[PDB]
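Novice: what's the 3D shape of this:
(4 chains, ligands or ions: 3)
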Amino acid sequence: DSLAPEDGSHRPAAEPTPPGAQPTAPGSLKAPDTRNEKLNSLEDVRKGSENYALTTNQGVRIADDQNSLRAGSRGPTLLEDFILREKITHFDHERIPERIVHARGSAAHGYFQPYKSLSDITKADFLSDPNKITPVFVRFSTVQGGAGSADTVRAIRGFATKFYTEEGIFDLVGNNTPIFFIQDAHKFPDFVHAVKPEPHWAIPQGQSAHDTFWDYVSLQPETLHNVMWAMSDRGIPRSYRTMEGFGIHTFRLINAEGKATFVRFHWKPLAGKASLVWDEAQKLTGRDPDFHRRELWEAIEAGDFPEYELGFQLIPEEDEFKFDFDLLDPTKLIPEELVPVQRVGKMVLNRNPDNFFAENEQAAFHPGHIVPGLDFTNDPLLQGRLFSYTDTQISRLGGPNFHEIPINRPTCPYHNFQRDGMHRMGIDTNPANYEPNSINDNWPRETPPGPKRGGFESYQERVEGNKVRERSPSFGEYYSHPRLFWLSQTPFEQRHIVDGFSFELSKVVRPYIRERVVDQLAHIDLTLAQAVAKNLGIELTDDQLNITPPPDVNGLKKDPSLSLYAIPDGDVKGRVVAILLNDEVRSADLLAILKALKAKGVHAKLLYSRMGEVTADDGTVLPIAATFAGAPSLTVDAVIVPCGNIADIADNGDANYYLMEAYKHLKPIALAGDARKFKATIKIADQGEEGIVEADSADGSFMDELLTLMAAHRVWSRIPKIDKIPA
Amino acid sequence: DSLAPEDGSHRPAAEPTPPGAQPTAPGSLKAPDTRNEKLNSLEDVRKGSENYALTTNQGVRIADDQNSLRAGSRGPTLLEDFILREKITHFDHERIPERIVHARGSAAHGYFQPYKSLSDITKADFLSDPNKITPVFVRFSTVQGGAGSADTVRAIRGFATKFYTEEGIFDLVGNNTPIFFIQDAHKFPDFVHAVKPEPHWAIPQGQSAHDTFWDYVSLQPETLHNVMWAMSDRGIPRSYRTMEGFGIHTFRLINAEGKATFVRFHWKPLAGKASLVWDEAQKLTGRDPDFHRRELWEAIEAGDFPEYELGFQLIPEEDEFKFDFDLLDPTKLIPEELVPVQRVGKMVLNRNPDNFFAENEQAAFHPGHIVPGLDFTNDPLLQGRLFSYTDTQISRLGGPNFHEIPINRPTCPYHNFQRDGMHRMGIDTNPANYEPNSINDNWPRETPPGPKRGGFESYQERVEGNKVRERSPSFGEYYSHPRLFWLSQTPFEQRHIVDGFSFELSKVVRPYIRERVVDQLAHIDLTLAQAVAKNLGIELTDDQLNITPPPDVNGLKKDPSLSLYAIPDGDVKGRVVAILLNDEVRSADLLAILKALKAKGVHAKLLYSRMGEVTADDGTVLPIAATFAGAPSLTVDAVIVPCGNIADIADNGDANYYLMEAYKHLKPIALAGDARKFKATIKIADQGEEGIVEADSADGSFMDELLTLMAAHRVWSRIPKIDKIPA
Amino acid sequence: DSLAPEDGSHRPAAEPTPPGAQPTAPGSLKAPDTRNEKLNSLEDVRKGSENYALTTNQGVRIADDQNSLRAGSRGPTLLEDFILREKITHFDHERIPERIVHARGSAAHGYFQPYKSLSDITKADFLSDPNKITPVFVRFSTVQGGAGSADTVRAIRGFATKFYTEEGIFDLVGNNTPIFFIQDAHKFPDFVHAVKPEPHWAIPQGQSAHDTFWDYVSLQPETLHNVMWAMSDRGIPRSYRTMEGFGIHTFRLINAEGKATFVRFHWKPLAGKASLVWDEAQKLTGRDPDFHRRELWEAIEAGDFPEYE
Amino acid sequence: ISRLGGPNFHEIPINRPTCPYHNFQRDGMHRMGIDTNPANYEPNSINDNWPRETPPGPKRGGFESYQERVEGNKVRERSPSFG
Ligand code: HEM
Ligand code: HEM
Ligand code: HEM
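Specialist: Numbering: from 1, shown residues only, chains lettered A, B, ... in the order given. Ligands and ions are numbered 1, 2, ... in the order given. The structure is reproduced below:
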């Protein structure tokens, strides 16, 4: 019609902009100049809209898209309206089956680059040269919930990366914890069914806080290690950018000389590790179920590209049996204290998709999609995975041609004798559809293995034993890893774990299941067990109190790399601050606050009791981002309150409650001049308290003190103080 | 490698060659320079093969494509063989559901052009200028059989044209007879179930000759008009090049002024009309089930392009009710004597597909795919068709995005708010997915209907009546068109129809059904009825002999345009002759023979009792294409026997049968010199017989006779003599 | 209505009758006293029709099944004609993808019984006792052609038997020749693409007589053994009743003591071995493309039950 | 048809009618119902046209649409009264 505003305000700028500054938009409109090979190769399917006639799928233009065709303007709809029928028909068939697991996820385009050639240890083309850039598509996710469940639930997160190499797609389909729950793939449906919503009533969505999960866990002690990790703050990450990623399984690197090295893949978050606290995460699933998704998208639109360092734990073939645990057991981790992570490369995510359904929804990642230079191992969990991803995608994606769906296509050439199938796009001209053939001179042809561009040959591992359905006795050890994890945690981390098991176990209706988990915890650590028992009104028996603790892991009593916070890796860029306005802000405070934040790449959100504008003491007009209720403290990392007419919000329940929720969830809080009248709301001494920045104005050290607090993430020392506080 | 022959004889020349002279090939390899807009736009999806590596669909080069991965070379196959599984999965999912009806069909690419601008009568853009060339994709088919059934069955044939216009796809989905079997789409499942394979045991394939087909016919006399056509030689075409096409229904043309004109669409074969004879057709279903498909492919490879003229029967809106049948009645034809066909354009089929599955199996035609300039009518069968083709495509082609399947894609722009669906290819960047929207300035936008490039608007036909499930009383007349068709046939076409009914009803097991059908014939024509009753050994009753024939149609007692043969229109270009060889052929007969065939564009096939070669009297080495049994007379249009050493083949029972068969099927036979010894095998008098060319040698006179006869197609005066030929 | 004839000649006698004497019928109307455990458990899904009202699939009775709902009897069909849309919808979605290979086939119900207990060599319950009868379902087929292809082509024939045993279904999926064309499963798509219709034009239907098949055969000498059989009269059986059947592979028999015995499975036609001649066979693809399916259906209807040892 | 994979969604247990349902529709993906009727079309003589149509009537009658009068031109238009 010509419905946009004449000021062109309906359209976000094609330049990096801070979160909330502009309406968010499709990747290619938001950042047209951010390219990569894969992004360029999708131009054949991108479709514009501006200046084009509205049409049917057959290209016939539509005159009236507001009405069905009827016999009289008040008459019956006619079957002949083919415009209405194609339109409703496409609408009626929009949905596809969501992923069996990892239905909820958020994705983005990016690129990867190795620091140096790894040719000595792997002939994988994407790792052979530091100037070799490989496009990537990454999808982060939760395990249990459907596609419409919440982001900040407690859960293990999925971390899958599609590498569009020159010698094939390589998918690294990992999680954000270094182990999995089960050992053998045959039990996946059992474990997954136990964690998913119970079969009679489909409750609860996106949560393990229910009977079947803990029932399973309590009868399968192999699960404890990963359960420890999910029960910790690892299970509620601050963002997909602030968690670690792992392949979990031991795989093989094969070099040109044919030598196999055992490898465990890792991703290190260059923004560091940071997690929410439980009450915040649970509230955030309600106030904004799309928090991670939104944050990922906005970090990319703001230029805060999520960056990760690919790392490798490398173990020589000769050291296979040198640990107390089996290298092929997925419920066991390789302590970095024993086997360090070697820095391999950097992955940068710098552009959102155009259409979520087309790119994110249909992305198909598979762990068996490896390339020459990599190989598998006999890890029994991995072994079954190679069966499952290929299988599930014939029904999710409607057929065997899911590789022709734009996001999934190789950027490298692909030729073979495979034909037909639903949705076939490629029109093969080869006179032959079989080999060996003479009619096309046998093309395309097999290709011998070699140092570069050769065919895929599996490493000749010796295989020996009888056909058996048997767990390896080396896998029958379930408690030392959980114990190692436990002892590597800070005290406040240990308390949060205790609190996760406690909350969780309290949602289990059948008491005996709770007791059974407590007994299992007593096999790991008595202090953990007791603390959780106590929260559940359970007493340990004299026998539980004497269970002998599991042995150290290869002599290790703790590995600080297992903690989120024991070793400071804080990084403020991309974090966000809430600024609580009033109707006459000391503009001097605001300029100081704002400039200091921007200097460190920390965003702000101007908040108030209504939308619109307020005018500072000097006449500066301040645009309001959202209300105290509309953009709660759960969505920010810190809260700053500038002086002015504090009496304007001093008695505002929402303004006060904002501070209480923020204080409760250990976020740094800064009160300027009269804003200190809010000290009484959170019971802050006259003298002060670590974690609360206060001054007569937002000058001098005020923002630096506040920014040092943001660097340590949360004010852990405040925990005991929050114990009470009614919020 | 190098498996191909060093001589390069595995590869067909990329130049037009006669049927059987080269191996057939994918169209773009056979005629890389035959181009059209649609063909060039499929180049984004065409895939080569020569000089490429064999890879997985993920682009991973395969080293060994001869073996699965196993533990030991006599060991068990390993689940980690992702290369085997990908290849077997794709293979396992190759098939899609064939079309419910018209499953068996053959298709080629071509182009269309009008003879002149038709803007006085229609604003359809493809009809607006003689220089507007429109790419087409045509699919010819049978109705009843599966995708695997025979081409030369007795059946109605489909003739479907997809026009890729600049204002959208228009699909003209017609058949080879001017009417359909039934009146209301509600009975289509009933009719179709009656003719398809009976349900208990799924017999018979591709045949109407069974109990349920004739039970339905006998109880639903609206079907008799299409049945008369099916039982004539119209039901057994020589080729898809030599049959007519019809849209069947009355549609509308809409001009720039908005005046509506009633039109019935027609395809006139420029090769002319020709059909087989029942016994030849039926025997051809066993010797070459792919006969028509082959014939179409090879006509195109030889440069014998199937050409059809598009014709319109135009009726003014005011003459809606001037006939004695209802224009909306699909079981009624508009006699060309009443309303002549206006020659409007020509379609040329000039290129085979590259991959049958990709382009022919997945093509989706729909009668409802119309463009501004055309509209529907209330024809109750067409109204139901508008619903079905859209609906069936969702399962056949797996989703609502079948228009993104390359062969189906419009070549003109297409933009709307439709999103998702299984296998979405298009990646929409539009910020909006709804209209009206302000966020993308309401684009894509509606376009008012107009003279050119306008949006679609239905002709504003007045609708008046009550909501009723009721047949219009004007449709209740079932014998006059059938009779009109019967009186318009030559005496031998009449005879073939009688034999078509007799043979078919002879296969109906319940004798009461045959009697009921015969009662129906008595209402059409008593001569027809008795001749059919006589072969079933049924006696017409007194009452049935007095049934008063139906009235003429608008005073017509016959219309020659309804006969295949009444008016000479045959063309020899593209036909084929079998040349029966001997071990010492008179090389001067071959020379005169081949020179004249070549002058008319008639093809030849050199047959012998073994493959290899034979040497003429002169020393010319003559390559043999096939043996006598290998390329039966059924596959050729005429048989010529050159002189030489006739003793070599004069006792060959296959050679004798070759002539007995040709003879029985009314085919021209020419005997040179001593070849005249074969006359005793087909009991031809010493003085000769019309239909048989004989002479001392194969000079110019003899070949001119053979070519005159061939242009008359078959030797209809021979019918009476074949009775006494055991063949 | 009074649509059936008064003399009742539209209904086939529900007793054994020779080929062509009556119209053929669904097994349970033709032979209602024949039964087995598998036929009895299908009873819950079998649907009749005599004396019932014609309805939609939601159970609504239909008054007029001859017409669409329109605005005037010469008017446009309305979108609210839900009876027409359900019927056309069902019609529209009747087909499912044919079998990748062995799409052309004919089956029948029956029963199996061991001569004596084989518990010394196998603990398989269906062979544990001579009184133990196992209901079977058997589908015979060709390999190459589609579901609408001809029966008497030159082909290897499939012989699949589904054993509804008391300790699970056992499917014995074999062919009428003792070997297969190829050695490793990895080459299956290769071989099958070569035998199937060439990809450019989708010719020829149900025939190995074309270039790609022979190209393959010539480059893969391991195929020669099954080609030899296919080129013989084994490739054109007179009927499914006169062909042998083999499981092809070596499988194992496992007894209660845990002992393994190698085993090759065989089916012997109690009607003896018999085949057509090539010319007859190919002409029969033309005159009656459903000859084997019809012959099997009629043998059973006549009481000439196909028997296999 | 896509959500429930075919036209036999009425045979999925929760969706089935508890009253009689008999017609001539056959096949489709996941067909449960094994039809024994010799005929799969009507009118048919071989099953004496069963199952049969049933006239509209007060109870147990076939569906017949109310005969509403329809008068207007074929238009894509919003009634002015909905404005
Ligand atoms: C180390 C253990 C595992 C890890 C780290 C893992 C990781 C993942 C991730 C990250 C995804 C989501 C991919 C996306 O974003 O599209 C996923 C999906 C999936 N996983 Fe795994 N998984 C594991 C074990 C398994 C096992 C044992 C099985 C079954 C044998 C399995 C079957 C699946 C399936 C069927 C999907 C859906 C994939 C699709 O629809 O494309 N996973 N898994
Ligand atoms: C004038 C009478 C009819 C004619 C000339 C006609 C013509 C055709 C043709 C030529 C095809 C094959 C297109 C191709 O080559 O892919 C076809 C397919 C089909 N017809 Fe019709 N038809 C008629 C009546 C009907 C009716 C009354 C219905 C149902 C209401 C119907 C439903 C279909 C369906 C469902 C297909 C399959 C299409 C596909 O799967 O893509 N037809 N018809
Ligand atoms: C020992 C050689 C083989 C024999 C005797 C054999 C036998 C058969 C038979 C008799 C059928 C038809 C079953 C029916 O009547 O529905 C069939 C179908 C099939 N065969 Fe095999 N086959 C052989 C090799 C293979 C191989 C090597 C593969 C793949 C690696 C394969 C894959 C298939 C598939 C996918 C089907 C279709 C099954 C369905 O859709 O239900 N066959 N085979």
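Novice: State the next helix or strand along the chain beyond whichever helix or strand residue A:296 is part of.
Specialist: In this assignment (DSSP states H and E), residue A:296 forms part of helix A:291-302. Toward the C-terminus, helix A:291-302 is succeeded by strand A:307-316 as the next helix or strand (DSSP H and E).
Novice: Buried residues of the helix or strand following that next one, list them for me.
Specialist: Using DSSP H and E, the helix or strand that follows strand A:307-316 towards the C-terminus is strand A:341-351. For strand A:341-351, a neighbour-count test (16 or more other Cβ atoms under 10 Å in any protein chain shown) marks A:341, A:344, A:345, A:346, A:347, A:349, A:350, A:351 as buried. Where you see a C-beta, it was placed from the backbone N, CA and C, and this is true even at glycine.
Novice: wait, what's in contact with the last one?
Specialist: Contacts for residue A:351 were tallied using Cβ atoms under 8 Å, 6 or more residues apart in numbering or on different chains; they are A:27, A:28, A:31, A:34, A:39, A:108, A:109, A:110, A:300.
Novice: Kindly present these as TSV, with separate columns for secondary structure.
Specialist: Formatted as TSV, the contacts of residue A:351 follow (DSSP: H, G, I helix; E, B strand; the rest coil):
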residue	secondary structure
A:27	helix
A:28	helix
A:31	coil
A:34	coil
A:39	helix
A:108	strand
A:109	strand
A:110	strand
A:300	helix
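Novice: Tabulate those (a markdown table), appending distance to ligand 2.
Specialist: As requested, these are arranged in a markdown table below (distance: Cβ to the nearest ligand atom, whole Å):
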| residue | distance to ligand 2 |
| --- | --- |
| A:27 | 36 |
| A:28 | 35 |
| A:31 | 42 |
| A:34 | 42 |
| A:39 | 36 |
| A:108 | 39 |
| A:109 | 37 |
| A:110 | 42 |
| A:300 | 43 |
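Novice: Closest to residue B:664 out of these?
Specialist: residue A:39 (68.5 Å; Cβ to Cβ).
Novice: Chain neighbours aside, what residue packs nearest to the closest residue to chain D within chain A?
Specialist: Proximity of chain A to chain D (Cβ to the nearest Cβ) peaks at residue A:72, 1.9 Å away. Excluding the flanking residues, the one nearest residue A:72 by Cβ to Cβ, 6 or more residues apart in numbering or on different chains is residue D:72, at 1.9 Å.
Novice: Please tell me how far the helix or strand containing residue A:496 is from the chain's geometric centre.
Specialist: If you go by DSSP H and E, residue A:496 is part of helix A:491-506. Distance, stretch centre to chain centre, for helix A:491-506: 22 Å (Cα atoms, centre = their mean, to the nearest Å).
Novice: now swap in stretch A:542-552 and tell me
Specialist: Worked out by Cα atoms, centre = their mean, stretch A:542-552 lies 36 Å from the chain centre.
Novice: which outside residues touch that stretch?
Specialist: Here stretch A:542-552 has contacts from A:324, A:477, A:479-480, A:482-484, A:518-519, A:522-526, A:529, using Cβ under 8 Å, 6+ apart.
Novice: For the residues you listed, work out which two are farthest apart.
Specialist: A:324 and A:518 (26.0 Å).
Novice: between those two, who's got more neighbours?
Specialist: residue A:518 (23 against 16; other Cβ atoms under 10 Å in any protein chain shown).
Novice: Can you list phi and psi of that one for me?
Specialist: The phi and psi values for residue A:518, taken as degrees, to the nearest 10, are phi -70, psi -50.
Novice: so what's the closest residue to ligand 1 within chain A bridging to?
Specialist: Ligand 1 sits closest to residue A:158 of chain A, with a gap of 2.7 Å, by Cβ to the nearest ligand atom. Using DSSP bridges, the bridge partners assigned to residue A:158 are residue A:141, residue A:175.
Novice: show me the contacts for it.
Specialist: Contacts of residue A:158 by Cβ under 8 Å, 6+ apart are A:102, A:105, A:139, A:140, A:141, A:142, A:143, A:173, A:174, A:175, A:176.
Novice: Including neighbour count, could the residues you listed go into JSON lines?
Specialist: Below are the contacts of residue A:158 laid out as JSON lines (neighbours: other Cβ atoms under 10 Å in any protein chain shown):
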{"residue": "A:102", "neighbour count": "22"}
{"residue": "A:105", "neighbour count": "25"}
{"residue": "A:139", "neighbour count": "22"}
{"residue": "A:140", "neighbour count": "28"}
{"residue": "A:141", "neighbour count": "26"}
{"residue": "A:142", "neighbour count": "24"}
{"residue": "A:143", "neighbour count": "21"}
{"residue": "A:173", "neighbour count": "21"}
{"residue": "A:174", "neighbour count": "23"}
{"residue": "A:175", "neighbour count": "23"}
{"residue": "A:176", "neighbour count": "23"}
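Novice: Enumerate every residue touching residue A:574.
Specialist: Taking Cβ under 8 Å, 6+ apart as the test, what residue A:574 contacts is A:241, A:271, A:299, A:302, A:304, A:601, A:602, A:603.
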